[PDB]
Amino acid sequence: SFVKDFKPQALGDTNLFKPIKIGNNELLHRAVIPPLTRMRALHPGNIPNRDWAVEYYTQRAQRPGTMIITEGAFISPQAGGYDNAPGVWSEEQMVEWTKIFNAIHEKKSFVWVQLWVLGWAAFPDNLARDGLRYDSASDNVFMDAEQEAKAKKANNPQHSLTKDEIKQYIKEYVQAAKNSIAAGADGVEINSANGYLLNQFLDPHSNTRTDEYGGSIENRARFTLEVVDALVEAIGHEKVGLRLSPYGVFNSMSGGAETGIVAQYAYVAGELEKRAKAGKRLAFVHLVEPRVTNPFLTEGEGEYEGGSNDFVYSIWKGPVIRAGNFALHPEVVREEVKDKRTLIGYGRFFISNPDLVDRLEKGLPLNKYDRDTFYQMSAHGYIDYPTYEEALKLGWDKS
């Protein structure tokens, strides 16, 4: 069915439909598909789903000139911990990623791969099974109750990375970025948000280190900035993006409670613009809005009003993708895009609406999303969401 009490608004007369050049890509519009994990990858090997992946992506790349950021992809076995999320380290995986990159490209859209590293958000037991450690910034602070239960049951205690294991992670980031570009991706996005590894190093709650990687604004951002620099040297700055979520609290992150949280992020944004001047400006900065502090809360829940992402604009002068509960709020989007260098990421509604872009331009109703198939080893709730036309033929009230 269609979203019940939603009053759509045509957005065709806005900047959301003015082209823009991101990296090497020329988008025909500014609605991007943010990284969305769907757990359809195949175990063993974290192989992208051979039966449905191409269809799903092909479906969402139908409106020409769309920028698509893929589901988080593990850069190595030690970076993972979820049996059904895809990896981007082996041939067996790249052979399937290529097919996917081709379908999107044939539809004249673009694709950026999100390099993912779990940290304490991984399942300690899955990692122990395969002989991998349970990594994180520190070892005297854990994610949550059941994470420490799982960890000790599996006897795979949270481990504080040594300076050498951090370098090894940097090695793997480069190799995975290279494999992705080599396989034909338009670029890669470094996920330094949502409480995953890098975010665990940025956060003063999860990072209680005393070495060169903790203890100050400058040290907490170190790991993240070294990944940036390394990838920039390896494949070029116009092929790299950085995702941040300043006020997010998902996965045990601080958010607005940390008085020094804004300074932590303003510093990162500044160093980025520093390099921008030195010629090496990243493709973009992706920000998770405080409108959604937790992606697993219904729209309107976990909304932070004591803080704003606007400070980034004062520091970073490049393109900025903002994601978070924008689909059901065209009036909000309408104002946000008045700014000339802003893109909007639509998450949850790009799951249930393969033709979102067209429904946004024309102000047509929105298909509801089934929360239950977000993470299911099924085609149902993955590739069977109908386009507006099909929804009509089905009689989602308008026959």
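Residue numbers run from 1 along the displayed sequence.
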| query | finding |
| --- | --- |
| 221 to 229 versus 158 to 166 - greater average Cα B-factor per the deposited record | 158 to 166 |
| Residue range whose averaged C-alpha B-factor is higher in the record, 235 to 243 or 92 to 100 | 92 to 100 |
| 301, 189, 71, 172, ranked by C-alpha B-factor: the highest one | 301 |
| Per the PDB entry, maximal CA B factor within 184, 124, 204, 87 | 124 |
| Cα B factor band for residue 52 (lowest, middle or highest third within the chain) | highest |
| Residue 135, C-alpha B-factor rank within chain (lowest, middle or highest third) | middle |
| Chain third (lowest, middle, highest) by recorded CA B-factor, residue given as residue 258 | middle |
| Third of the chain, ranked by Cα B-factor, where residue 76 sits | middle |
| Chain third (lowest, middle, highest) by recorded CA B-factor, residue given as residue 330 | lowest |
